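One structure below.
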Number of protein chains: 4
Amino acid sequence: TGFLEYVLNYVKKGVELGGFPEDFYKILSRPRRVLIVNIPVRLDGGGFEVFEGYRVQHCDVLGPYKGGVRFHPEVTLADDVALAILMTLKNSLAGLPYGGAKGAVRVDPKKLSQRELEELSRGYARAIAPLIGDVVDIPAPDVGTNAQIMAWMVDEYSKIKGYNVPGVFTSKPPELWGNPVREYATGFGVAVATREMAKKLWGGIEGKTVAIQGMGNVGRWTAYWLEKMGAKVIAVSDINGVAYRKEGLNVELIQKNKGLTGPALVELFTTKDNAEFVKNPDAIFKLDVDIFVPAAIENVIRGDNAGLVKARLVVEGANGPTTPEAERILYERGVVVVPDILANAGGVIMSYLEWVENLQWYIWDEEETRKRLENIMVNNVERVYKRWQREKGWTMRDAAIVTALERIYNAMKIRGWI
Amino acid sequence: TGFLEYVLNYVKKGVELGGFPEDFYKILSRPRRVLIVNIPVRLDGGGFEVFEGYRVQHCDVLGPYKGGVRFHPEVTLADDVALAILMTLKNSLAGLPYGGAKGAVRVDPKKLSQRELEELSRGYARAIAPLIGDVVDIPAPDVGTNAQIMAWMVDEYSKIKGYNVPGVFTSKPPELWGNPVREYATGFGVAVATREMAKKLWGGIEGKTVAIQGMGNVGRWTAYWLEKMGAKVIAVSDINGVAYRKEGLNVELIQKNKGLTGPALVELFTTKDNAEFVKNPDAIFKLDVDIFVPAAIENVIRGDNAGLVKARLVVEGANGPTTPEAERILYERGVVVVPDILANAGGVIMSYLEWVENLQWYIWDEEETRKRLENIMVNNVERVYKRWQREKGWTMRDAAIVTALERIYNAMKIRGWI
Amino acid sequence: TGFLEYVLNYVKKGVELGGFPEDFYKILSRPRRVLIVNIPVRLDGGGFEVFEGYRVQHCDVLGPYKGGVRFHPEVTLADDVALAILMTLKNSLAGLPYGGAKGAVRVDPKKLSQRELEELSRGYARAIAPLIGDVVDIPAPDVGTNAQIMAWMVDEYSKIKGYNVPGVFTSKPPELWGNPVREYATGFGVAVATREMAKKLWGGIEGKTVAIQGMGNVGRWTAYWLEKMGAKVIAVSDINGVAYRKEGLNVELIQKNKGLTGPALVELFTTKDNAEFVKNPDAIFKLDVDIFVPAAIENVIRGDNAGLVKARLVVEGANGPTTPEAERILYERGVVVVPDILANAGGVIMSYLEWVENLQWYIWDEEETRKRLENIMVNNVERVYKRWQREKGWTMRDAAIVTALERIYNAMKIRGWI
Amino acid sequence: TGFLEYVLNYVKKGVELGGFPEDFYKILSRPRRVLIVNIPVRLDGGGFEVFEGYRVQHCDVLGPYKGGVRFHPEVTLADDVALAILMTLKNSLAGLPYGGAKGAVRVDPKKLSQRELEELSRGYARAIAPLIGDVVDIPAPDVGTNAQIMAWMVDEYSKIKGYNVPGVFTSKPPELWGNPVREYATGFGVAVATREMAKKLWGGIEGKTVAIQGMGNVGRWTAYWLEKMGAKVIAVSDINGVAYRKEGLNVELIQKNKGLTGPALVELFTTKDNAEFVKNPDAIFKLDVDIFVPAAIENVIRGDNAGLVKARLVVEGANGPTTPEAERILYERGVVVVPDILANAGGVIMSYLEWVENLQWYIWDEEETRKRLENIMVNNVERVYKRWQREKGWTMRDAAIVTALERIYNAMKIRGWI
Ligand SMILES: NC(=O)c1ccc[n+]([C@@H]2O[C@H](COP(=O)([O-])OP(=O)(O)OC[C@H]3O[C@@H](n4cnc5c(N)ncnc54)[C@H](O)[C@@H]3O)[C@@H](O)[C@H]2O)c1
Ligand SMILES: NC(=O)c1ccc[n+]([C@@H]2O[C@H](COP(=O)([O-])OP(=O)(O)OC[C@H]3O[C@@H](n4cnc5c(N)ncnc54)[C@H](O)[C@@H]3O)[C@@H](O)[C@H]2O)c1
Ligand SMILES: NC(=O)c1ccc[n+]([C@@H]2O[C@H](COP(=O)([O-])OP(=O)(O)OC[C@H]3O[C@@H](n4cnc5c(N)ncnc54)[C@H](O)[C@@H]3O)[C@@H](O)[C@H]2O)c1
Ligand SMILES: NC(=O)c1ccc[n+]([C@@H]2O[C@H](COP(=O)([O-])OP(=O)(O)OC[C@H]3O[C@@H](n4cnc5c(N)ncnc54)[C@H](O)[C@@H]3O)[C@@H](O)[C@H]2O)c1
């Protein structure tokens, strides 16, 4: 109910800004339908154990329910219900024909063997099965789960139905009806998001400075595709330190090191390439750069350090890095931040594309996929802009919240729900 | 949560007496599946309100989930999960091929308008529709619901399947595939069970004196069917006092004045039929009668008054009339008490008989229905007695919880669940 | 294929006798449908294995398919196709609305661990699932299978549909929606059949010396129920020897000590009773009784010992105990041989009742069930008797088969199949 | 069974060369499902007849089963099971999400009328109906069948589902949701493969000499498109003889005179083209050419003529034209032979494209169809080629098989099947 409150405030805040009837907020604060279950599993080493899991199907209007499932020992309904609501605003803002769901299972995957894990996975999918499906609810991986856990579920559902049902789960192995672009979908998306921002602020991202935080799965690929567009990745921090380069770091090294972890991949720019290694994860901030990209964790661009920020553009790659207090501070100095909800939505858009491909049992090539993925992204930005520019005091954040909140309201009205 | 904690302890006490593995208890302690739903209703005044509702489905093994739904404001899942647990054992004990479930909806029906109520009922059914059917989960009425509500849910479900589904809900109007016996179902059972226990103890019931407490739906019908079996109903009470007649009360008046409220029945036994009267509804405990039948409210026989009970046999028509302490007190005095899970099951069994009739689109006459109900009841009273006499230091209560718990245990074994 | 070539002629014989068209023979020759599956099992004590299985579905005119499933290593398709054909005729003759089928899985159940057997059993039900159902095809146990295996199958199929499906497999545990009367269903039937025949040849079975060969399941209860009808059993054989007693073997002992194996039973007759023991299971043949009942195995009355037979009436309780050559001889001596397809059909009939009960989720008492079984058998022997006497030269065998080929034939015509 | 043992051995090698566990061979060896059915047909002036048919569904891992249905009198199960295993491998190699299946009906269509042939075709689609469907099993034409027959099966299936289900059968009439490109699919694919194989060996087909064997449906269109790619068709043969012309045969005569049989087209080259014509058809094995294409029958290049071919590149147009022994020879003589499983896969590929179009109810133009078709084949070639070089001693066929076994094995592992 902690995190939940926050979301209930995030959405409630948006409503007041969009002048929406209290009735609208009503049907949004409560999930449409929630299924709680207890999966019984017989440990290969031992006796019995029944795990409690669930699926949160928040809203349907734009299309089928979409959302990943978590496998963490400290999970609760309220958080996922709260998360599910967020998933509804994201898809809506992404311009996808998706609803918003979120599932979970209370267990520590690091306590189960391959047999016990696959056993639980199959069990969870078989349990919620009567309520999911390729056109009703398409679960996806999250925290504990991964492409492999999804695969087992896809297979379990397929045996129940008696035929192969690929579209019921997304982000599955390339060998099991999946699309490879998923590897850098979020990154490529972050790069396209920002590239479009510059084209409207400075006229183009070409030849611009870039300071990315976190060479994980987001930051890493955000730097690669960024340069391919015309940016200069001069800094790429991480837990250890940073990698400076006034000419621009050689990101092409990332293609031949897609498994060189994040921290080590930071050293690579120091050991192999010739770059300045300033051991300190708090330097990329004050560093004189055009664009700063926090693609690591949350609570990074707080108020106590908001002053250090030198970049005039902040594309939130990580989830909720800039605190509300900082959001204000940064906006009153010129620095503008792009709503993470919009920027890192490339992940969902990718799952969407995988899904569409599954329905017509046809897989597109990398080039093909990347283009549609980009096209959507490019069109999502153009939308939030018009709203943002047609209002004073309204931050990108607010523009994005309303824009999403407005698509849902619109659908519900036409549909005759309110 | 305190009531649940109470039901779980109750189950443990039984899991041990029967000597079942803890794994068995692991499967029963948690419900098989829960479906929380939020149905929005358009009120007359204003236009919007979303209600909280759900359907707990405890265990399958003996057959489809069965259980009523509660329409009450102060409702919580925990308590309802507990009821579904008790509904599972009760069905097992009754010999019915039923599972056990329980649904609820937080709302006060005495606040909604006739229209709004129908709208809510149809919304509840339509929301839980995918998880119910005449062979998967058959709901029924409870505290805030009645026959009329069942009717609105039967019609709704039927307009969803595209044809008539009479067995998807029991306890429905006689004019809508119901069975008139429901009126006296429970009372007829209490009477059948009391007679059987009387036989296996005194050799016969008739001539035996009976004192029933409460002239409600259970009590008034128990006092009527018991006299038909030979008993001698000499005393009946309600909130307004007690009606005594040594020669014996004329129960025929009950059938000639059913629906004549409860307290008006008491005064009726005084006006028409000559009967003494005392302005004290607690005098029935004092009476020196052979059999005492509490058919009103719980905690009526506490440890602070157990020593005032003369009766040698106590048959529970209501739920929880005897306190765990009063139970022991009386027991070590020679007074045996017949468990409610066994005695008042005449209502649950009747619903079974209605369901079976609905599946074959054939409704038996009243005599046919009665004979099938009497048969089941009698057989149930046998199974509990035989076991009760096998162990030592075992109360009737104990025998039921184990006998019902053992039928579920074996079911899960053959099925390969444990 | 030798057994199949046999059955095909067994039928062709009936076709020429009844004078049915050859087009009829054509359709009844080949099975309507045949599903072959390979189930991969992960041997616990090992790695992998792929078992071969199938399910033959012969004729559907009378109603849904009904046959048993064999778990045996020497099972071949052809034999089962032949077994299917016979099952269709047997179900027709039995006066049931069943089409008769057959199934088998090549394996030695006595070579697989319990965990392995369940897995295999569950895989067979899962594989053929798309072609079975409480109203399309209801399997049953047979040689390598049993009630427990039937349970695992019902269970599996049920987790596939999503709800409980009892009527999908018969001969299931009494605790899992089965019926007790199945214990002695076959025997009782043989008892009723011999009783009816004695009423048409001698006018009553009262005081008739009977000799039962084998004390397994059939002979065991055939002897017990036979006495209750007035007959008197003097001899009973088995692998160990023969129990003689002209006064009458105390059959009540059979119910007292059931499940005491075959050979042990013969001894019990020597211990508790004063029966005379003879070390030779071929003595029963030489005995001069009124009614002989072969209930052990096939090829018991061959053409080399037919003359030795003294009984005036022969009732087959086993499958094919009388050899063809012997049937011929046994007949030109005034000895009537009641066909196995008519006498031991008590088993199929009992499976039909259990089924009819599951469809209505209502279980009948042993009384109701026994009486119903008896009824069907009587009208069968009756129906078969009228035609037998109508023709000259015909053997009960002929009359039996022809009666069967007739009900199926009349059905195909009315439906427009031929 | 001879061909079955042959195909089984053909796949045994691959399992070894690839280093897969024997478990893989276990499950891949036996067909998952086998539906055998007997369709009764009422002959015209005649009477009755029951035709035997079946569908072998081998392996559904990469996607829904796919395979053709044969109408030949000399048909046997084993052979069809064998062919189904090949289809399973072929579909894998083709990079299509297709399983592998094969159907057959034992009959000689050149004996039945149109009315009877229609009744047989519909009865077959109707008999297997429960085990097929646009996402389960998509049959197709083969020896005794064609588009006309598929049309009848599609209609019979559509009247069973209650709506039009076009994607259940492929290679159906252009007027019936089909695609024209099917006409030259195989030949175009063979042409694309060789053109791609040339580039790797030399650097282009432009200028290279080509010799084809048989101007049927495969060779004919292989020659047409081959020339369009820079090739120089100097020899086209058939049963009637050969046609040489070092300058290059004008293929325009093919398209314009499409549907002019095989041999006739050959004469047309001797009449409307100054090409030589030698009676002896074996001459094609002497002409020194860069590329040779056997597109007529099997057993064309054996051990007795292997050492005579001049071509440095041989592309298998027909099925199994090159003898195992001759393969040994030709290879150790510097001649590379392109596996038929890979080369003529063009028709199976097109079959996939027709399907995709049916699922989205949209038909592309010839250009669109050919681009996707060309791409797939080009990609299949690369995959095989790249793996072929990674090992020594291996042959094109060797790498082709393993390339196919790998995609399947991988999917089975990720799925938990092994
Ligand atoms: N592709 C996705 O899964 C996805 C989509 C939704 C949103 N985003 C969000 O992006 C964030 C990161 O995701 P990811 O996939 O890149 O994670 P990741 O786990 O692959 O990488 C995170 C990186 O952060 C670095 N890091 C930790 N603390 C740091 C600090 N103080 N300063 C600098 N670097 C630090 C780590 O060393 C690591 O390399 C999350 O908040 C996530 O929700 C990711
Ligand atoms: N047939 C059923 O619905 C059913 C089945 C399950 C269990 N029982 C249980 O039996 C009890 C009564 O059910 P019912 O359907 O007859 O209810 P009811 O409302 O028809 O009647 C209860 C009666 O109790 C009387 N009463 C209350 N306090 C009393 C007191 N101190 N002394 C004497 N009379 C008193 C009331 O005035 C009323 O007439 C409940 O606890 C119920 O759950 C009933
Ligand atoms: N009850 C049924 O399931 C059923 C229904 C169909 C037909 N019948 C047929 O009846 C036959 C027997 O079945 P069952 O279930 O009673 O078998 P069972 O296995 O229970 O008992 C068979 C008995 O035959 C005895 N036996 C073997 N050889 C003997 C010999 N030479 N002389 C004397 N006794 C001998 C054994 O010792 C054993 O006690 C089978 O052929 C079966 O197919 C039975
Ligand atoms: N397009 C397809 O359907 C397809 C796909 C799978 C594989 N291939 C295989 O290709 C082979 C041929 O198919 P098609 O469609 O061209 O067949 P087709 O019947 O249309 O043509 C074959 C041609 O081969 C000629 N021929 C036979 N023996 C010959 C000889 N000794 N010398 C020269 N010519 C000879 C015939 O006269 C005929 O014109 C078959 O084995 C088939 O399975 C075809």
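Letters A, B, ... go to the chains of the structure tokens in the order shown; residues in each chain start at 1; ligands are counted from 1 in the same order.
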
_Using only C-alpha atoms and a cut-off of 8 Å, which residues of chain C sit close to chain B? Please list them as a PyMOL selection string._
chain C and resi 148+151-152+155+163-164+173+175-176+360-362

_Contacts of ligand 1, 9 Å or closer, only C-alpha atoms and all ligand atoms, given as a ChimeraX atom specification_ = /A:142-143,182-187,212-221,236-242,261-266,280-282,284,294-298,300,316-321,340-341,343-348

*Over all Cα atoms in order, fit chain D to chain B and jot down the RMSD to one decimal place.*
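Across the paired C-alpha atoms, the RMSD reaches 0.4 Å.
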
*Looking at only C-alpha atoms and all ligand atoms, which of B:394, B:331, B:188, B:269 is the one that sits closest to ligand 2?*
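Looking only at the distances to ligand 2, the closest residue turns out to be B:188.
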
_What does the structure give for the distance between CA of residue 169 (chain D) and CA of residue 103 (chain D), in Å to one decimal?_
12.3 Å

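With only C-alpha atoms as the atoms that count, the minimum distance from residue 41 (chain A) to the choices A:160, A:309, A:120, A:104 is reached by A:120.
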
As a compact mmCIF listing (two decimals) with N, CA, C and O atoms, in the first residue's frame, please: all residues of region 122-298 of chain B that backbone DSSP puts in alpha helix (DSSP H).
```txt
# COMPACT_ATOMS: atom_id res chain seq x y z
N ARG B 122 -26.23 -9.12 -11.48
CA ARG B 122 -25.84 -9.51 -12.84
C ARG B 122 -24.38 -9.19 -13.14
O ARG B 122 -23.74 -9.86 -13.97
N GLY B 123 -23.88 -8.16 -12.47
CA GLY B 123 -22.50 -7.74 -12.63
C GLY B 123 -21.57 -8.70 -11.93
O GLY B 123 -20.47 -8.97 -12.41
N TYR B 124 -22.00 -9.22 -10.78
CA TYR B 124 -21.19 -10.17 -10.05
C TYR B 124 -21.08 -11.45 -10.86
O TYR B 124 -19.98 -12.00 -11.04
N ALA B 125 -22.23 -11.92 -11.34
CA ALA B 125 -22.26 -13.15 -12.12
C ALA B 125 -21.46 -13.00 -13.40
O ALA B 125 -20.62 -13.83 -13.73
N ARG B 126 -21.70 -11.92 -14.12
CA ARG B 126 -20.99 -11.71 -15.36
C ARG B 126 -19.47 -11.64 -15.15
O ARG B 126 -18.70 -12.05 -16.02
N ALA B 127 -19.04 -11.14 -14.00
CA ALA B 127 -17.62 -11.00 -13.67
C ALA B 127 -16.92 -12.30 -13.29
O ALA B 127 -15.76 -12.50 -13.64
N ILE B 128 -17.62 -13.17 -12.57
CA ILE B 128 -17.05 -14.45 -12.16
C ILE B 128 -17.46 -15.55 -13.15
O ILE B 128 -17.07 -16.71 -13.00
N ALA B 147 -33.45 -15.94 -2.86
CA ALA B 147 -33.86 -16.66 -4.06
C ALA B 147 -33.96 -15.75 -5.28
O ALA B 147 -33.57 -16.14 -6.38
N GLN B 148 -34.47 -14.54 -5.08
CA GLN B 148 -34.61 -13.56 -6.16
C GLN B 148 -33.26 -13.22 -6.80
O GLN B 148 -33.16 -13.07 -8.02
N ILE B 149 -32.22 -13.08 -5.97
CA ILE B 149 -30.89 -12.75 -6.48
C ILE B 149 -30.34 -13.91 -7.33
O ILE B 149 -29.78 -13.69 -8.41
N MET B 150 -30.52 -15.14 -6.86
CA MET B 150 -30.09 -16.32 -7.61
C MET B 150 -30.70 -16.26 -9.00
O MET B 150 -30.05 -16.53 -10.01
N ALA B 151 -31.98 -15.91 -9.03
CA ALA B 151 -32.72 -15.79 -10.27
C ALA B 151 -32.07 -14.81 -11.24
O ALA B 151 -31.94 -15.11 -12.42
N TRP B 152 -31.64 -13.65 -10.76
CA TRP B 152 -31.02 -12.67 -11.65
C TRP B 152 -29.65 -13.16 -12.18
O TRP B 152 -29.24 -12.82 -13.30
N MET B 153 -28.97 -13.97 -11.37
CA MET B 153 -27.68 -14.50 -11.77
C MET B 153 -27.85 -15.69 -12.72
O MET B 153 -27.03 -15.92 -13.60
N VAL B 154 -28.92 -16.45 -12.54
CA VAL B 154 -29.14 -17.58 -13.43
C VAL B 154 -29.46 -17.07 -14.83
O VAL B 154 -28.89 -17.53 -15.82
N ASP B 155 -30.38 -16.11 -14.91
CA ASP B 155 -30.76 -15.51 -16.17
C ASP B 155 -29.54 -14.89 -16.86
O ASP B 155 -29.29 -15.15 -18.04
N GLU B 156 -28.77 -14.09 -16.13
CA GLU B 156 -27.58 -13.43 -16.69
C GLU B 156 -26.64 -14.47 -17.31
O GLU B 156 -26.31 -14.41 -18.49
N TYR B 157 -26.21 -15.43 -16.51
CA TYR B 157 -25.33 -16.47 -17.01
C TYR B 157 -25.90 -17.12 -18.26
O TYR B 157 -25.17 -17.44 -19.21
N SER B 158 -27.21 -17.33 -18.25
CA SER B 158 -27.87 -17.98 -19.37
C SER B 158 -27.93 -17.11 -20.61
O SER B 158 -27.95 -17.60 -21.73
N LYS B 159 -27.92 -15.80 -20.44
CA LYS B 159 -27.97 -14.96 -21.61
C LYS B 159 -26.57 -14.74 -22.14
O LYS B 159 -26.37 -14.07 -23.14
N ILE B 160 -25.60 -15.33 -21.45
CA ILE B 160 -24.19 -15.26 -21.83
C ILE B 160 -23.84 -16.55 -22.57
O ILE B 160 -23.13 -16.50 -23.57
N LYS B 161 -24.32 -17.69 -22.09
CA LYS B 161 -24.07 -18.97 -22.76
C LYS B 161 -24.93 -19.07 -24.02
O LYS B 161 -24.61 -19.84 -24.92
N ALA B 185 -36.17 -27.92 4.22
CA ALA B 185 -35.02 -28.78 4.01
C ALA B 185 -34.18 -29.01 5.26
O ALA B 185 -34.00 -30.15 5.69
N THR B 186 -33.67 -27.94 5.83
CA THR B 186 -32.83 -28.05 7.01
C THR B 186 -33.53 -28.61 8.23
O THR B 186 -32.98 -29.47 8.91
N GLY B 187 -34.72 -28.10 8.51
CA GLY B 187 -35.48 -28.57 9.65
C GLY B 187 -35.80 -30.05 9.53
O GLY B 187 -35.69 -30.78 10.51
N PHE B 188 -36.20 -30.49 8.33
CA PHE B 188 -36.52 -31.90 8.11
C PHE B 188 -35.26 -32.74 8.38
O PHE B 188 -35.34 -33.86 8.89
N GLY B 189 -34.10 -32.19 8.08
CA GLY B 189 -32.86 -32.91 8.32
C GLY B 189 -32.54 -33.03 9.79
O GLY B 189 -32.21 -34.11 10.28
N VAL B 190 -32.65 -31.91 10.51
CA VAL B 190 -32.37 -31.87 11.94
C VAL B 190 -33.22 -32.93 12.63
O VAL B 190 -32.74 -33.70 13.46
N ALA B 191 -34.49 -32.98 12.23
CA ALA B 191 -35.46 -33.93 12.75
C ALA B 191 -35.05 -35.35 12.40
O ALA B 191 -35.16 -36.25 13.23
N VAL B 192 -34.57 -35.57 11.17
CA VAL B 192 -34.16 -36.91 10.79
C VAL B 192 -32.92 -37.33 11.57
O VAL B 192 -32.80 -38.47 12.00
N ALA B 193 -31.98 -36.40 11.75
CA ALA B 193 -30.76 -36.71 12.47
C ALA B 193 -30.99 -36.93 13.95
O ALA B 193 -30.42 -37.84 14.55
N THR B 194 -31.85 -36.11 14.55
CA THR B 194 -32.15 -36.23 15.97
C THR B 194 -32.81 -37.60 16.22
O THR B 194 -32.44 -38.30 17.16
N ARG B 195 -33.77 -37.99 15.37
CA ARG B 195 -34.44 -39.28 15.50
C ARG B 195 -33.42 -40.43 15.47
O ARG B 195 -33.45 -41.31 16.33
N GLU B 196 -32.54 -40.43 14.48
CA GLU B 196 -31.53 -41.48 14.34
C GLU B 196 -30.65 -41.62 15.57
O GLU B 196 -30.33 -42.74 16.00
N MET B 197 -30.24 -40.48 16.13
CA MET B 197 -29.38 -40.46 17.30
C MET B 197 -30.17 -40.96 18.50
O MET B 197 -29.63 -41.63 19.39
N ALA B 198 -31.46 -40.64 18.52
CA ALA B 198 -32.33 -41.07 19.59
C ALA B 198 -32.43 -42.59 19.56
O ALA B 198 -32.39 -43.24 20.60
N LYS B 199 -32.53 -43.17 18.36
CA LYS B 199 -32.64 -44.62 18.23
C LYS B 199 -31.43 -45.36 18.77
O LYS B 199 -31.55 -46.26 19.60
N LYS B 200 -30.25 -44.97 18.28
CA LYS B 200 -28.97 -45.57 18.65
C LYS B 200 -28.55 -45.26 20.09
O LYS B 200 -27.41 -45.53 20.49
N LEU B 201 -29.47 -44.68 20.86
CA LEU B 201 -29.20 -44.33 22.24
C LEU B 201 -30.31 -44.80 23.18
O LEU B 201 -30.04 -45.36 24.24
N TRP B 202 -31.55 -44.56 22.81
CA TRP B 202 -32.64 -44.97 23.67
C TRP B 202 -33.45 -46.08 23.03
O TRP B 202 -34.30 -46.69 23.68
N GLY B 219 -35.95 -23.85 13.23
CA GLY B 219 -36.68 -24.31 14.40
C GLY B 219 -38.13 -24.67 14.18
O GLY B 219 -38.59 -25.72 14.63
N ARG B 220 -38.87 -23.80 13.50
CA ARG B 220 -40.29 -24.04 13.27
C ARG B 220 -40.51 -25.29 12.43
O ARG B 220 -41.50 -25.98 12.57
N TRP B 221 -39.56 -25.58 11.55
CA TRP B 221 -39.73 -26.73 10.69
C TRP B 221 -39.20 -28.00 11.35
O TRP B 221 -39.55 -29.11 10.96
N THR B 222 -38.37 -27.83 12.37
CA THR B 222 -37.83 -28.97 13.06
C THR B 222 -38.88 -29.49 14.01
O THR B 222 -39.11 -30.69 14.12
N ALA B 223 -39.52 -28.56 14.70
CA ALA B 223 -40.56 -28.91 15.64
C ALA B 223 -41.73 -29.58 14.93
O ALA B 223 -42.46 -30.35 15.54
N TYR B 224 -41.91 -29.29 13.65
CA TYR B 224 -43.00 -29.89 12.90
C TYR B 224 -42.70 -31.30 12.42
O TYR B 224 -43.55 -32.19 12.50
N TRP B 225 -41.49 -31.51 11.92
CA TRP B 225 -41.14 -32.82 11.42
C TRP B 225 -40.77 -33.81 12.49
O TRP B 225 -40.81 -35.02 12.28
N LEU B 226 -40.41 -33.29 13.64
CA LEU B 226 -40.02 -34.14 14.75
C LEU B 226 -41.26 -34.77 15.34
O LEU B 226 -41.24 -35.93 15.74
N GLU B 227 -42.36 -34.03 15.39
CA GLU B 227 -43.58 -34.60 15.94
C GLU B 227 -44.10 -35.69 15.01
O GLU B 227 -44.73 -36.65 15.44
N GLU B 252 -49.15 -28.79 13.80
CA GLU B 252 -49.90 -28.62 12.57
C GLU B 252 -50.15 -27.15 12.26
O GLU B 252 -50.20 -26.75 11.11
N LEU B 253 -50.27 -26.34 13.31
CA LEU B 253 -50.52 -24.90 13.17
C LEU B 253 -49.42 -24.23 12.36
O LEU B 253 -49.66 -23.23 11.68
N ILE B 254 -48.21 -24.76 12.47
CA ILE B 254 -47.06 -24.23 11.76
C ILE B 254 -47.26 -24.33 10.27
O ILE B 254 -47.03 -23.37 9.54
N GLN B 255 -47.71 -25.49 9.80
CA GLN B 255 -47.90 -25.66 8.37
C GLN B 255 -49.07 -24.83 7.88
O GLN B 255 -49.09 -24.42 6.72
N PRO B 263 -41.76 -15.06 16.30
CA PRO B 263 -42.42 -14.68 17.55
C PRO B 263 -43.95 -14.75 17.53
O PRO B 263 -44.58 -14.93 18.57
N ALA B 264 -44.54 -14.58 16.35
CA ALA B 264 -45.98 -14.65 16.25
C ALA B 264 -46.42 -16.10 16.34
O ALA B 264 -47.57 -16.40 16.63
N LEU B 265 -45.48 -17.00 16.07
CA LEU B 265 -45.78 -18.42 16.16
C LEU B 265 -45.92 -18.80 17.64
O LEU B 265 -46.78 -19.59 18.00
N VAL B 266 -45.08 -18.20 18.48
CA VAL B 266 -45.11 -18.44 19.91
C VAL B 266 -46.47 -18.04 20.48
O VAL B 266 -47.13 -18.84 21.15
N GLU B 267 -46.87 -16.79 20.22
CA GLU B 267 -48.15 -16.29 20.70
C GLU B 267 -49.28 -17.10 20.09
O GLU B 267 -50.33 -17.29 20.70
N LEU B 268 -49.06 -17.59 18.88
CA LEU B 268 -50.08 -18.38 18.21
C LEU B 268 -50.35 -19.67 18.98
O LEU B 268 -51.50 -20.09 19.13
N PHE B 269 -49.29 -20.29 19.49
CA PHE B 269 -49.40 -21.53 20.24
C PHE B 269 -50.13 -21.29 21.57
O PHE B 269 -50.53 -22.23 22.24
N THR B 270 -50.31 -20.02 21.93
CA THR B 270 -50.97 -19.65 23.18
C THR B 270 -52.43 -19.26 22.96
O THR B 270 -53.31 -19.63 23.74
N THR B 271 -52.66 -18.48 21.91
CA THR B 271 -53.98 -18.02 21.55
C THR B 271 -54.84 -19.22 21.18
O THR B 271 -55.70 -19.65 21.96
```

*Just the strand (DSSP E) stuff from region 268-334 of chain D, please, per backbone DSSP, written as number ranges by chain.*
D: 291-294, 313-315

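Straight-line separation from CA of residue 39 (chain B) to CA of residue 25 (chain A): 14.4 Å.
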
*asked:* List the spatial neighbours of region 74-84 of chain B as a ChimeraX atom specification - criterion: any atom at most 9 Å away, only C-alpha atoms, same-chain residues fewer than 3 positions off excluded.
replied: /B:1-8,30-31,34,54-59,66-67,70-71,87-89,100-107

_Could you list, as an NGL selection string, every residue within 8 Å of residue 291 (chain A), counting only C-alpha atoms and ignoring same-chain residues fewer than 4 positions away?_
:A and (208-211 or 311-315)

*Long-range neighbours of region 10-12 of chain A as a count of residues only, 12 Å cut-off, only C-alpha atoms, 5 positions minimum in chain*: 33

_For ligand 3, the nearest of the candidates C:279, C:383, C:272, C:370, counting only C-alpha atoms and all ligand atoms_ =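 Looking at the shortest contact to ligand 3, the residue is C:279.
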